[PDB]
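# Examining the three-dimensional arrangement
If you want the building blocks of each chain, they are given just below.
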Amino acid sequence: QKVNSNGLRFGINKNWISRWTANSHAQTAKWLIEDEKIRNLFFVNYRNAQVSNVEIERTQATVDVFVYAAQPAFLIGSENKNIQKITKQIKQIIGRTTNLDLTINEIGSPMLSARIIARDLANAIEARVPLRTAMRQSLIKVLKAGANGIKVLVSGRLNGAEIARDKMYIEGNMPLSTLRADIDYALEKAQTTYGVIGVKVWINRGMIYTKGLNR
Amino acid sequence: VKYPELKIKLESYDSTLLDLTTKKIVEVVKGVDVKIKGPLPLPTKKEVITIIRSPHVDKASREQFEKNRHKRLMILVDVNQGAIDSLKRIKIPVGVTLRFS
Amino acid sequence: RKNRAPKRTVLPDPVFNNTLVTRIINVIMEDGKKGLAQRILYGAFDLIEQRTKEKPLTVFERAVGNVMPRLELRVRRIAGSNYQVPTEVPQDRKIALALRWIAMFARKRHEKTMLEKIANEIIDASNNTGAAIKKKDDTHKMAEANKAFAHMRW
Amino acid sequence: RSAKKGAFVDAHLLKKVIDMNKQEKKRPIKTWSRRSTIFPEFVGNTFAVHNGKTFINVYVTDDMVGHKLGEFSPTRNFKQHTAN
Amino acid sequence: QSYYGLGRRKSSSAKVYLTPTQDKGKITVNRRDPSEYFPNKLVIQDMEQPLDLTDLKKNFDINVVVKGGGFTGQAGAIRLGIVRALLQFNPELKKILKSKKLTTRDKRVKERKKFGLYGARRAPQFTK
Amino acid sequence: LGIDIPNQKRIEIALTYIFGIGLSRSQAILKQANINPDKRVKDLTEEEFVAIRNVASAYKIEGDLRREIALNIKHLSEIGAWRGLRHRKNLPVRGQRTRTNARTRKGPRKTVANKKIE
Amino acid sequence: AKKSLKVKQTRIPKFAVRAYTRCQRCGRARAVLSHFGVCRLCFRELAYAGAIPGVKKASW
RNA sequence: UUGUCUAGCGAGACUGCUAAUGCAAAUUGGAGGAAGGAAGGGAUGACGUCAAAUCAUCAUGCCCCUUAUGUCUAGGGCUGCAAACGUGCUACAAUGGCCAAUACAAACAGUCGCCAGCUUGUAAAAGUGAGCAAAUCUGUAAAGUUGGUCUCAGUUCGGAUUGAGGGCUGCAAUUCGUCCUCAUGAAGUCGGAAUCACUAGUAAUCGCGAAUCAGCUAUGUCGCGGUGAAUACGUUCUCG
RNA sequence: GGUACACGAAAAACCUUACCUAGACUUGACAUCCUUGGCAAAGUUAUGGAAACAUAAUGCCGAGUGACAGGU
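Residues numbered from 1 in each chain as written, not as in the entry; some residues may be left out. Chains lettered and ligands numbered in written order. Part of a larger assembly, values for the part shown. Heavy atoms only, no water.

## Focus: empty space enclosed by the protein
Tallied over the full model, the rule gives seven cavities of 30 Å³ or more. Taken as a whole, the largest cavity holds about 120 Å³ of empty space. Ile 24, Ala 63, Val 64, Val 67 and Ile 102 of chain C are the residues nearest the centre of the largest cavity, which is lined by 13 residues in total. Residue assignment for the lining of the largest cavity shows that the elements contributing at least two residues are helix 1 (19-27), helix 3 (56-66), helix 4 (91-107) and helix 5 (114-126) of chain C. Top element by residues in the lining of the largest cavity is helix 4 of chain C. It accounts for four residues. When its residues are assigned to classes, the lining of the largest cavity shows 13 nonpolar, no polar and no charged. Estimated volume of the second largest cavity: approximately 100 Å³. Lining the second largest cavity are 13 residues; nearest its centre among them are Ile 17, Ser 52, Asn 53 and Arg 115 of chain A together with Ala 49 of chain G. Residue assignment for the lining of the second largest cavity shows that the elements contributing at least two residues are helix 2 (28-44), strand 2 (51-57) and strand 7 (183-192) of chain A. (1 Å grid on protein atoms, 1.4 Å probe; cavity = no way out; pocket = protein on both sides within 12 Å on 5 of 7 lines; lining within 4 Å. Points joined across faces, edges and corners; volume = space filled by probe spheres on them. Helix = DSSP H or I, 4+ residues; strand = E, 2+ residues; numbered from the N terminus. Nonpolar A, V, L, I, M, F, W, Y, C, P; charged D, E, K, R; others polar.)

## As for the protein's contact with RNA strand H
Around RNA strand H, the structure places 250 residues, and the nearest of them are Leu 42 and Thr 50 of chain B, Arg 39 of chain C, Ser 2 of chain D together with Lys 95 of chain E. Within the backbone of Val 75 of chain C, an N or O atom sits 2.8 Å from a sugar or linking oxygen of RNA strand H. Of all the elements, helix 2 (residues 34-50) of chain C adds the most residues to the surface near RNA strand H, at six residues. Of the residues in the surface near RNA strand H, the class split is 80 nonpolar, 68 polar and 102 charged. (Near = heavy atom within 4 Å. Polar contact = N/O pair within 3.5 Å; in protein donor to acceptor, adjacent residues only side chain to side chain.)

## Brief notes about the protein's contact with RNA strand I
Around RNA strand I lies a shell of 46 residues, among which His 50 of chain D, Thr 127 of chain E together with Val 17, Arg 28 and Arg 30 of chain G are the nearest. Protein-adjacent atoms of RNA strand I, using a 4 Å cutoff, are sugar or phosphate at a proportion of 69%. Measuring from a sugar or linking oxygen of RNA strand I, one finds a backbone N or O atom of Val 57 of chain B at 3.4 Å. Measuring from a base oxygen of RNA strand I, one finds a side-chain N or O atom of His 50 of chain D at 2.5 Å. When contributions to the surface near RNA strand I are tallied by element, the ones reaching two or more residues are helix 1 (13-21) of chain D together with helix 1 (2-10) of chain G. Residues belonging to the surface near RNA strand I are distributed by class as follows: 17 nonpolar, nine polar and 20 charged.

## Brief notes about the interface of chain B and chain G
On the chain G side, the residues contacting the 13 residues of chain B number 17 residues. If you sort the residues of chain B by the area they bury against chain G, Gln 64, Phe 65 and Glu 66 of chain B come out on top, with a joint share of 39%. Linking chain B with chain G are one salt bridge. Notably, a salt bridge pairs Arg 44 of chain G with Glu 63 of chain B, separated by 3.1 Å at the nearest N-O pair. Summed over the shared surface of chain B and chain G, the result is six residue pairs in polar contact. Classifying every residue of the side of chain B that touches chain G by side-chain character gives six nonpolar, two polar and five charged. (Contact = heavy atoms within 4.5 Å. Buried area = accessible area lost by both parts, 1.4 Å probe. Salt bridge = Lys/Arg side-chain N within 4 Å of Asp/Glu carboxyl O.)

## Thoughts on the domain arrangement of chain A
Residue and element names in this part refer to chain A. According to the domain assignment, chain A consists of domain 1 (15-108) and domain 2 (109-215). The C-alpha centroid of domain 2 is placed 23 Å from the C-alpha centroid of domain 1. The interface of domain 1 with domain 2 comprises 15 residues on the first partner and twelve residues on the second. Regarding the contact of domain 1 and domain 2, the summed buried area is about 1,300 Å², with carbon and sulfur atoms giving 50% of it. Inspection of the domain 1/domain 2 interface yields zero salt bridges. The tally of links between domain 1 and domain 2 comes to four residue pairs in polar contact. Those elements that provide at least two residues to the side of domain 1 that touches domain 2 are helix 2 and strand 2. (Domains from an automatic or database assignment.)

## Details of the environment of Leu 57 of chain C
Residues and elements named next belong to chain C. Its location among the elements puts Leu 57 in helix 3. Residues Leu 57 and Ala 119, 62 residues apart in the sequence, show an inter-C-alpha distance of 13 Å. For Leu 57, the residues in contact, after removing those within four places along its chain, are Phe 16 and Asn 18.

## Considerations on the pattern of salt bridges
Charged atoms that come close allow side chains of opposite charge to pair. Going through the model one piece at a time under the given rule, you end up with 34 salt bridges over all chains. Between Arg 25 of chain G and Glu 36 of chain A there is a salt bridge whose closest N-O contact spans 3.5 Å. Here the residue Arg 25 of chain G occupies a position in the loop between helix 1 and helix 2 (40-49), and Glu 36 of chain A occupies one in helix 2, the pair thus bridging two chains. Note that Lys 167 of chain A is salt-bridged to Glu 162 of chain A, the shortest N-O span being 4.0 Å. Salt bridges linked by common partners bring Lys 14, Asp 182, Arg 205 and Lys 211 of chain A together as one network.

## As for the packing of aromatic side chains
Per the stated rule, a full pass over the model turns up 17 aromatic pairs over all chains. Summarising the aromatic geometry, the rings of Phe 39 of chain D and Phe 42 of chain D are spaced 5.8 Å apart at their centres and angled 65° between planes, so their arrangement reads as edge-to-face. What makes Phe 42 of chain D buried here is its relative accessible area of 5%. In textbook terms, an aromatic cluster arises when at least three aromatic residues are bridged by ring pairs, as seen for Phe 65 of chain B together with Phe 36, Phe 43 and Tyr 48 of chain G. (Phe/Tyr/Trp six-rings, centres within 6.5 Å; stacked < 30°, edge-to-face > 60°. Buried < 20%, exposed > 50% of the residue type's maximum accessible area, 1.4 Å probe, protein only.)

Structure, rendered in structure tokens:
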């Protein structure tokens, strides 16, 4: 079908999820096989964290895991129990050879990000929720909270029928023909008792032409 | 002094991110020391990763992701104490890796 | 339905000063090289003044002027017994067809080293002995043979 | 050939063939592989080699120094061509 | 006056120094003979074409250093360099050298070879 | 020993046809035996022809070459073995496919219709 | 046999002829990248998510 | 006989101003200019079409074994062969072939490697001896070209294939990595009904590196390139 | 046929691999929990074997028991 914006207009306009580099076939294998697990865990284990994006920051066996979240208290928490829990989890998933020093930072109106919307929609789908009402509420919450037009499509089973007829939403200006529009994208896989349902959301962060690279 | 003529190459995965570090080195090295070689671009020995789209038959259309291993050579010809003090504490962005002698 | 497109003609061969020369060099193209067909054409001219003596420039321009065709035939069919209808073409395709004819009748032959065979081929095509002039005569004579079907043009 | 450790045997197929060649010619041994480099010290005996199937006993010969055991074990069969 | 140009035809890179001095205009491409650098074919005069339009081998001494291209590739490199130095002499002759298609780079270079395109543009086929 | 063939090309090239002496060992002879190239020359000297047929035998005798080849073919085909088995059927033995290939030993093509299904 | 693939990657008793590299998440050493230790489409979706250094659609 | 260079940006190219047409928009010409008007390539692939491909990323709904379809080492096939599509290479040759040398990169890879230069060699290579985590040090860049020959031959095309013996890596190289000293000169001397890709670096074509790989009968392909045209009237056949 | 083929495959000595025959393996080869510690066993060189598989042998590190892990 259509291309995904988070790979189309990426690398020139949007900041990387993982900022690291190295020479060829020396040590990039471990880093690339390691960053994905942490990225997936930050959305699966900490569902309530509401991470707009995790900034993986690796340079010669040291990682500075940054998080952009609406409230630090999701991962910082009261009495610093959330911070120690997340630090120990990421340390056990990263080993003792790499420091963590993770930080959580506020991001301006995180609803203009796609990862949280995709993850929450997947959790709703795999929780056996009415798809119509859940999609309506997600669209309302993502349009009302200060974000521009949205482009949501849920493919797979529609909880009873319409398997090959994916429910695709189109709101506001969503030009994939544009190459600088800050159309953030994220795909997620809901593991429900009907298999896996794929949710993809394009969210407009405001046109990114001549806007730089920082997310 | 303090390891003179320290050949510090810089390589990154982003285009502007590495030239930014090179310019930061060339500007921070001045004001405390003069006549230092600045931006010295290299062939930037990158690699191209060709990946197919479908999990099944496709080879006439397999797009490439470009882990562009850029490369800028930074050579200090005047290695006064302030120049290399700034050099060792350039504090490049984390996406930048320095090969220093 | 695409229409008239901006076809481009590259700079002439700057060792003989003729665009037809470079077109011939780039139509008999083997292995992709022009340093190849340039040597081919130079040796062909050398053997031309060796056997069947004639000035390369005059003979080349005469061949270019003469071997060009007159019209083209478009295939037309309705129910059965398909036929041809005359049509006019710009001279660019005429000299292109001359290029293709020379390449096809030169690159393939026995009768050893290619130098003398291509020299003989171009000389025969030049002096109106049938190697490409026969096609020009036929396409004129073809229109008056199937004129009963040529008239049926829409 | 291999030309770099190209005359190596796993030292466990080698033991049985060394013993059996020197008894008189004893054929059956439970040394099944394709890695036994042929040397003139293995003459007269057969190996229960692995053709991708059960241990088939094939008569090994020793003429080359780089050719190997599986040279004597069949691994592919004829076409047995059919008209349709 | 010495003119400095840019020769990058066929993904090349060249320095030229056009000096209209008493020198005839010897083409010193990488400091070796053109007989081995180039064939004696159209290329041996394709290299001199910029001189051919500037009083061939009687003016504009061509001190040219190059890297990039083959035999006609290097000739094209020096050609673009010489014509661009001529343009640098006076920023008004770009129009008249545009017609010859030597300067005003027509981008004639083996473009980015695509995935699935074997001749760098040829698709396998419309497979039956 | 060997078959004497006249030359229209150089001597090495005339040797390329005969069995046991090919394009490369005759090249070695030509670079080592100081053989005059044949510029439209039928032959420099006849007496050397058969002599050349022996000099390449310094590397490996052509008769010995063919004798060893045939002896290995028969030995490794008669006994239980693989290389001789694939050689006797006239198919490639050094790992060349036969699905749409290996027909360099099967002849150009022997078209026979195969099984068709609905 | 995804477990078999990874275990055959890891365990080597005394024969290092069984050497190769593969993805530690989904195996499939066919079309793997020893540069990145990962298969093809998983790499592609990871880069689409933006978690891979250098992400663009055939920019050359 | 260095500010090309490599990589970033700015000016710029954006109908900018003029004339013209077009009720509009929009288009053509002319200046500066890299291009005069989406500037050549790539990406950008909309509802849905084939209920196309995939349970083979993975997740798995369902259907399937569990002290056993899990795991496993070892070995073998995945290069079988009468056969038929398709990709290229490579040739059907003298534009070339073999022999020796030569110029060039865009670049990319390389510290069981790349190896300069050098010794042996008809070599996969046997090694001496700098340098390089990589514009240095290297990977023949070659085709092109230079000099001899070949006189259009089943050919000095084409290296396909196979055996006597070795070489790179890897416990093991026969099968299934491989190539070479030596052998071979297959088929194919221009390709049927029927067609596709391909419009300025396009096809065609020749190279350097590499993806998996311990290593590779990838000649390929993937990236970068080197040589390098023509046509495109027009929808008449034609197809979406 | 489009919607597959120098394809998914960007490598076929075994691995890569999915089958093949040859060997053990029974919470099992790996793995969550139960269970037991400071000396604990993946892999080691001989060694039947081709190697698991028992070994003599070593790493703040691990074995068995039923629930379970695994599935190109």
